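Structure first, commentary second.
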Amino acid sequence: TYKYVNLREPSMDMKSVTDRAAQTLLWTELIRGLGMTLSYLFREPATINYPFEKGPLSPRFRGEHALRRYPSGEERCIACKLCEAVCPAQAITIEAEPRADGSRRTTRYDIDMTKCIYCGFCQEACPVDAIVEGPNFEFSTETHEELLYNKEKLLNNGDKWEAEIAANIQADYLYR
Amino acid sequence: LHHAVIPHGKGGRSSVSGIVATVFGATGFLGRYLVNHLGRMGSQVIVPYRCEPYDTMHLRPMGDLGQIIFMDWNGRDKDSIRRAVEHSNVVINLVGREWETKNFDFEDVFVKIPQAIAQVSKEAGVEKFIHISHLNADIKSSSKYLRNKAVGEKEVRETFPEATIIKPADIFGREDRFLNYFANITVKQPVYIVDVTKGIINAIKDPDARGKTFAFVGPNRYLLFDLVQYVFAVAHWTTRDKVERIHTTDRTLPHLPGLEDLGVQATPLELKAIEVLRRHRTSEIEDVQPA
Amino acid sequence: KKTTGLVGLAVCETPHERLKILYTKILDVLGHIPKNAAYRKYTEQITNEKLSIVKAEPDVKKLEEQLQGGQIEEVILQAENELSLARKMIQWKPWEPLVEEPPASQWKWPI
Amino acid sequence: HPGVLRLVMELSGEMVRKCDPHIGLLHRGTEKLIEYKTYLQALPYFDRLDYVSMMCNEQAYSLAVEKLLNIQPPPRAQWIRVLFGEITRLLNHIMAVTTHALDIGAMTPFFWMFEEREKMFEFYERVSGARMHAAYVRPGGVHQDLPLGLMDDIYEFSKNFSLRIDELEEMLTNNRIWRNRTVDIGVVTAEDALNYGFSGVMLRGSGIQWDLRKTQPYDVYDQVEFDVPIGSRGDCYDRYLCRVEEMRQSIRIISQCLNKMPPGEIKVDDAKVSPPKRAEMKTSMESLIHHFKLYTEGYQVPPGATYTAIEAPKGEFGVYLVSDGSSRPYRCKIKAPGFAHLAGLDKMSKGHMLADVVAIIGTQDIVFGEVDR
Amino acid sequence: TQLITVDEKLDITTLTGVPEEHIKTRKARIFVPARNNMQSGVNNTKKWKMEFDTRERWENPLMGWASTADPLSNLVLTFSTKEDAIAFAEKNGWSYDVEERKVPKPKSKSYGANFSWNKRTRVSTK
Amino acid sequence: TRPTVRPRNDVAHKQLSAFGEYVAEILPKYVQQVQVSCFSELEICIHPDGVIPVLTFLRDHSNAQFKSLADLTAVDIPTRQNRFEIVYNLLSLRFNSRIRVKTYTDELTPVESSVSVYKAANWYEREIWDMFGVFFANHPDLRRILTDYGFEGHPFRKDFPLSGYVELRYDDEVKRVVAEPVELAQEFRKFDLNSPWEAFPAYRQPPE
Amino acid sequence: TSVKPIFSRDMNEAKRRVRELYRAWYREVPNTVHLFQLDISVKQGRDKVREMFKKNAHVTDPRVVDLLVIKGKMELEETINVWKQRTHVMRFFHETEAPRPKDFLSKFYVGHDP
Amino acid sequence: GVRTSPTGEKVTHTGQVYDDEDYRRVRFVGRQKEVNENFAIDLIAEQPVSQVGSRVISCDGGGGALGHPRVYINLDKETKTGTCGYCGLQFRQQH
Amino acid sequence: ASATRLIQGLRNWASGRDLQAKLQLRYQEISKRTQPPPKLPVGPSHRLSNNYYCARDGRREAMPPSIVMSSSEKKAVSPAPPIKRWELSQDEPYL
Amino acid sequence: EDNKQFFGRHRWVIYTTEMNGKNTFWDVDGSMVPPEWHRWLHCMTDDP
Ligand SMILES: NC(=O)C1=CN([C@@H]2O[C@H](COP(=O)(O)OP(=O)(O)OC[C@H]3O[C@@H](n4cnc5c(N)ncnc54)[C@H](OP(=O)(O)O)[C@@H]3O)[C@@H](O)[C@H]2O)C=CC1
Ligand code: SF4
Ligand code: SF4
Ligand SMILES: [Zn+2]
């Protein structure tokens, strides 16, 4: 089925040609466009004041790159390197010593916020849900030094909130 | 010694060279091009600026990711200097203005500043303290600038005596003082900026050339008036204290070596003047060569 | 008919004799080529069956709905293109046997 | 700035002789980077070669891999994929119209329809969470299904947007001066439209009837009903109007897709292609092993070459896959309608002046992301 | 059709445009990759791969990354024979090292022969 | 074998089989292979001589129109004496069927200005020439598209690494943009994910 | 076996085409180096041009020399137009040291450079 | 909860702290070495050792399909008692 | 709402599509969040007692492509029968 | 939180001054907010 456009000519009836000539010589449909944009003048504007009203989001937004931990416990990461194995921009750098008490751990867990493309493949891939995208998007960094995160930056970033990520993981242990 | 002072691989742009240079001032001309040669070497420039963040912003991406570091300092205190040279390999002293101000003049900068920073550098354990001086700065008359730099040479020889006193000639480059002074309107040997700063970086990375003072020579050494002829042939703040400084003394000092003894090849005035002398509108190369 | 849909293709008023002279020239220029290839058999079969579909049909709409590859003058265009290949395929020797084989270790895929 | 391109025109004045569109300015090495990466880890490269078709490129890549891998995806996956395909088609046509307007002058309809585009970005936010690059279409059906409280919101949007697009045709569309600006220019002979490799909206405008959705239904497009508009002359006025009535047909397809939606299943039930769900992962063993080595090793793909294409709103967006029997794609290559349209720039603008040349660049949806490959 | 050429060596090395340091300084190595002997699976055999020699890797002094001045230190080329390996390696103009495809020993060991009467082939445990 | 499996439809397999046999009969001269894949698109493997007669035949002939041209890439593999593959792709507007005409070549043998028979092939030919170096003979105008001008090396080859050899920055000595040998900050940790045990036993090549 | 030749028949027309191409680069240098206003003498530019011709002198095939004729022809066309800017024309040189002499000992001090 | 270096500043959970012959102290001029103020090794012995009167027991991480996947651990020794590799918390059997 | 009657008549007059009804400033149409927790269906798997993977052996169906070549007749068929010419769509045709 | 205007103008913070030795009567920041109100304010939930 094809419903095509413009197979029609302006018919040569005298009223048709004088109405089209009145459109020409009297600018009528132009003034109709003026009336359209004035109808949008008198509307109420659809803006939001930013620094007092932040914009809406989802529970499934992808944010901040924090490390979590157990409920009053140890670091939920294990250094199992999956997040580097699926990180497409390869911004994850992991080096893993085992600690003193026999359990396996890290030395160095680094993200390049310059390099990260914010997919959450590490979110879909961390087998214990340690590294989780956060809610917020406010870095605005003055330096190119600060945008290379280390393990203590990520753990302090996880210290800056849990109850947010608690509500998000409670909203997303069902779909993902 | 401890690691990471060893260099690695090639040089420049995350090719780690083995020197850590604490450079004073350098928001002006010659310190900026020296920072550029150190970033081309791929080193760690510790620079204190005492200014607005905008000028050090315009020199900021010269070095690599985090190899530069910026910090405050001043010409009056000492704790900021010691906080600057906490962990330094080498340090070069380049500070000095051609005009007097309200709070700071030619005196007590060349008389105060190298004493204190040389003192705390000798305390905090640096090597290769390189202090600049003007060429032929003596106790000769009509030049407060030259006599203050001569007293500065005497003081740098005094405290931390194993210091590299250098004396480059009247430099010309991309942002020259006196050439641009000619743009808005007795032999003399000027020497181009990259010869000087290549000599500086070669003398800072080629040890056994340390403690012995070095002098730079312009490879023309002709009259001022023929140079005015050439610069207006190619080009179609005015205090006369400067004009006494540029008329007073122009001679050689054979008491010490120069360019080709250091490992650095000179470049004459003509080619570099073809480089920098733009602004014809919106070649007559004379070079009469007086001795 | 009135002002067909495609832009550069102006309308036609003589379908019949145009297609007849085009297909007779098809059969002649194919008559230059010997039957040493099966190409002559295939092209002769399709062209004569198409022309013999056209002959015993006088109509216009039935001539379009019966003769495939519509609508009307695109068939004429395509036939002119086939006569262009007929002229170009006197030359170039498509019927000749093969040019030399590859080194033959090639076309299995998984390298 | 008048995308970003080098234009080297040569002219008799207020007029023309001939030009050279130099592009390569936005070259990124995408094919080489895919030659070193795996399938899943390089799906975002297809998501952001073109950036407007944030789901149609996903659908084309996923059908390339599913066509190579012998997997028929489940029905609810197909319907969600078709729904997001029509939505992204709507967003792509509305960008083409509005950046044509902002190129021509014409300030205010850009901002009306970018309010609309902010709402549809908000629907992508609720679905994946990403603002724009919702990658989200894993090969083997769509992962992470749409949450509760969405479809009636799409229904509300559908009503209000049909009103807003009627109002947009009120604003533009038989205006005296926009017709006066662009009717005379850009005629394309349909025979030359076939031979110059023009595809998509160009074949809509010049004559000949063609649409991949009507010809080769690669998905559940056969079970929904619409009618594609055709242009009557080569005049880009017709091309513009064809884009508008394709938008209105996109609204019809979304209406029927909300009408006949089955509550079947998210993904395929083939754990050797897609990762398992998180509950069976954290409980049982084979799900964990498939999870772990599926993300690391990457699922093997049988060797062979394939080619596919969809009607992206530019045109026949094609991908050619070459796979050594491995976990990497060996070489992929992209048929870009933007590149093919950019080739015929001299033949669109051989006898017209430079402001209309910029109007001819604007009347075809170039982005110069996809035009680079 | 029986045109110009005579069989000479090939000179693509002037056509690739890489500088002379990487023309002549490095040396290739052509081998079948050994079976990853913590596993025993022989699918990763049967391809003649080309690699290059290595150079230094220093610490990134800011993050502790492996940074290097080595563009070609991420190469491997998978082949199916040795003649074409040598032909391509000299066709691009560099020296090279060829190794052996060391096949496993052909054995014939069996259960009853492990369970003999007098012989010392006696597993003593199963 | 029925649910969640993309079904074949062997009627189209038979129709394209008969068409391929038709093509092999009517052009006996330049045909080495006419293969049909199970997902039913035609592939025809071609000696690099009669490519222009093949295209002038398969643009026309009223039994198979194929006006529609698509991708061309000479997908580079080593291990063969002829490294490169010109992969023409064609679709008929009238017939809804996709054929691929793959002819072979090595690093010096050209094709002979195929732009004169498909007008879309102009920037495609110039693209393949710039990215690979596969010279195309008697073409009207060859230039460089999709590279830098000062760049050279034909980067889509396998010998060209993932990074390059030149790298730009801005130096303040001569106050311009200059190039350097490339100096990474991270390794690009290359992974060997070639795990054994033969996930596809249908394609087992024979040994010596 | 045999090869379809590209342009020439033996090494002689290859030498003739490259000769003519060098004539074209000779008449290309001074007008363009005035037009872009670089900082290099015409002697230095021409001598590094003929140095670049000295770089590939030992090539023994007609095909490769024809392909270099194509290379130099394309580069000469896009420099005789005003496309390739000051950056690329200066990028033909080396104003980034790289001073490294071929002394064994000077390469031995800062090492791992065989 | 940090120790103190021979330089005097804060060491981390890993003993990585610098020396006087370094210079990343001089890149720490005026900006904080952001140390973790809550070490994980110190937060293991603080937990109550659960003493389950079964033999071989499960471990999840406190919540179905959250935390780590299940692991079933043995409790046969009486001097080197139980420890999950994931949960990192001890177990005994006490009748 | 929050507008007087005169400008309400202006917004109805200056564009006759009744702005008061459908105005894209939604007030309480916005859905309540915190949905009750869902379950998820599984289609043609997890049904026990039969579900052999070799039955739905999807991947291993990759046959190699069948080849015809290296090196009276009711024939000369097209690759497909001719595609049917389309229809004037009854939902407002033209014309 | 209003229940009268449209969506996105439901909810708003109003910041105060001098909260970390800052004198922030002027120049208010993003993320001066505690995280539970950051959950509330983006309408990730309809509940305070
Ligand atoms: N003929 C000549 O004058 C020649 C001079 N030189 C030397 O080059 C060096 C650099 O000078 P140049 O590049 O020409 O330009 P500048 O005069 O701008 O460099 C001097 C630097 O020291 C800073 N400075 C000056 N006075 C003070 C002060 N009282 N307190 C703190 N900082 C101060 C300057 O300003 P700020 O802090 O605002 O950045 C600037 O950064 C000088 O030491 C000069 O002796 C070398 C060759 C020739
Ligand atoms: S995937 Fe998770 S547990 Fe594994 S290394 Fe990454 S953050 Fe750690
Ligand atoms: S979000 Fe993507 S790019 Fe970022 S760390 Fe995770 S996988 Fe890597
Ligand atoms: Zn546990």
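Keeping their order, the protein sequence lines are chains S8, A9, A5, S2, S4, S3, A6, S6, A7 and AL. 110 is the number that the deposited numbering gives to position 110 of the first sequence; each next residue is one higher, with no gaps. Residue numbers 1 to 185, 200 to 250, 278 to 323, 329 to 337, in the deposited numbering, belong to the letters of the second sequence in order. Each number in the deposited numbering comes from the position in the third sequence (counting from 1) with 4 added on. Residue numbers 55 to 56, 60 to 430, in the deposited numbering, belong to the letters of the fourth sequence in order. Each number in the deposited numbering comes from the position in the fifth sequence (counting from 1) with 7 added on. Each number in the deposited numbering comes from the position in the sixth sequence (counting from 1) with 6 added on. Each number in the deposited numbering comes from the position in the seventh sequence (counting from 1) with 13 added on. 13 is the number that the deposited numbering gives to position 13 of the eighth sequence; each next residue is one higher, with no gaps. Residue numbers 1 to 71, 89 to 112, in the deposited numbering, belong to the letters of the ninth sequence in order. Each number in the deposited numbering comes from the position in the tenth sequence (counting from 1) with 49 added on. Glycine included, C-beta positions come from ideal geometry on N, C-alpha and C.
State buried or exposed for residue i, treating a residue as buried only when at least 16 other CB atoms are found within 10 Å of its CB.
i	result
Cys16 (chain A5)	exposed
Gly9 (chain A7)	exposed
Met72 (chain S2)	exposed
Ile139 (chain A9)	exposed
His87 (chain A9)	buried
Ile6 (chain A9)	exposed
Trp86 (chain AL)	exposed
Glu107 (chain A9)	exposed
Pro51 (chain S8)	exposed
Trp136 (chain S2)	buried
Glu21 (chain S6)	exposed
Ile94 (chain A5)	exposed
Assuming residue i and residue j are in contact, meaning their beta carbons sit under 8 Å apart, how far apart are those beta carbons, in whole angstroms?
i	j	result
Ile37 (chain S4)	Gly100 (chain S4)	Contact flag wrong, Cβ pair sits at about 15 Å.
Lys108 (chain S3)	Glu91 (chain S3)	6 Å
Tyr28 (chain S3)	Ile52 (chain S3)	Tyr28 (chain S3) to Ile52 (chain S3), Cβ: 16 Å. No contact.
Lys34 (chain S4)	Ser102 (chain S4)	5 Å
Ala70 (chain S3)	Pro96 (chain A7)	7 Å
Counting only Cβ pairs nearer than 8 Å, list the residues of chain AL close to residue i.
i	result
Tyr111 (chain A7)	Correct list: empty, because the minimum Cβ distance to chain AL is about 39 Å.
Which residues in chain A9 sit within 8 Å of residue i, going by Cβ to Cβ distance?
i	result
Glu95 (chain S8)	Here the premise fails: no neighbours, minimum Cβ distance about 18 Å.
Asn67 (chain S4)	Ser14
Starting from the beta carbon of residue i, find every residue of chain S8 whose beta carbon is closer than 9 Å, and list them in chain order.
i	result
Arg175 (chain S3)	In chain order: nothing, as chain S8 lies at least about 14 Å away.
Show which residues of chain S2 have a CB atom less than 9 Å away from the CB atom of residue i.
i	result
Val81 (chain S3)	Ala362, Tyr377, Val379, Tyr387, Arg388, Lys390
Output, in chain order, the set of chain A7 residues within a Cβ distance shorter than 7 Å of residue i.
i	result
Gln266 (chain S2)	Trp103
Can you pull the chain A7 neighbours of residue i, defined as C-beta to C-beta under 9 Å?
i	result
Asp95 (chain AL)	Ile30, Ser31, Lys32, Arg33, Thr34
- request: Would you mind listing the alpha helix (DSSP H) stretches within the segment 15-47 of chain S8 that are 4+ residues and don't spill past its ends, in chain order?
  value: Qualifying alpha helix (DSSP H) stretches, in chain order: 28-41.
query: Could you give the uninterrupted runs of the alpha helix (DSSP H) lying entirely in the segment 214-273 of chain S2, keeping only those of 4 residues or more?
result: Listed in chain order, the complete alpha helix (DSSP H) runs (minimum 4 residues) inside the segment 214-273 of chain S2 are 233-238, 247-252, 258-262, 269-272.
Proximal residues, the segment 129-141 of chain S3 versus chain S2, C-beta separation under 7 Å: Within the segment 129-141 of chain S3, contact with chain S2 at the beta-carbon level (separation under 7 Å) is assigned to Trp129.
- prompt: Quick one, which residues of the segment 212-234 of chain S2 are near chain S8 if we go by CB-CB under 8 Å, in chain order?
  reply: Here the close residues are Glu224, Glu227, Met228, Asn231, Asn232, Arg233, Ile234.
query: Of the residues that make up the segment 99-122 of chain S8, which ones have a beta carbon closer than 7 Å to any beta carbon in chain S4?
result: Those residues of the segment 99-122 of chain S8 that come within reach of chain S4 (Cβ to Cβ, closer than 7 Å) are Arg108, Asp110.
task: Tell me the start and end of each unbroken alpha helix (DSSP H) in the segment 294-339 of chain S2 that is at least 4 residues and wholly inside, in chain order.
output: The segment 294-339 of chain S2 contains no whole alpha helix (DSSP H) run of 4 or more residues.
- request: Below 7 Å between beta carbons is the criterion; list the residues of the segment 14-36 of chain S4 that meet it against any residue of chain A6, in chain order.
  value: Result list: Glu15, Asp18, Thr21, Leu22, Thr32.
task: Quick one: which unbroken alpha helix (DSSP H) runs of 4-plus residues sit fully inside the segment 81-168 of chain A9? Chain order, please.
output: Within the segment 81-168 of chain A9, the complete alpha helix (DSSP H) runs of at least 4 residues are 113-124, 144-158.
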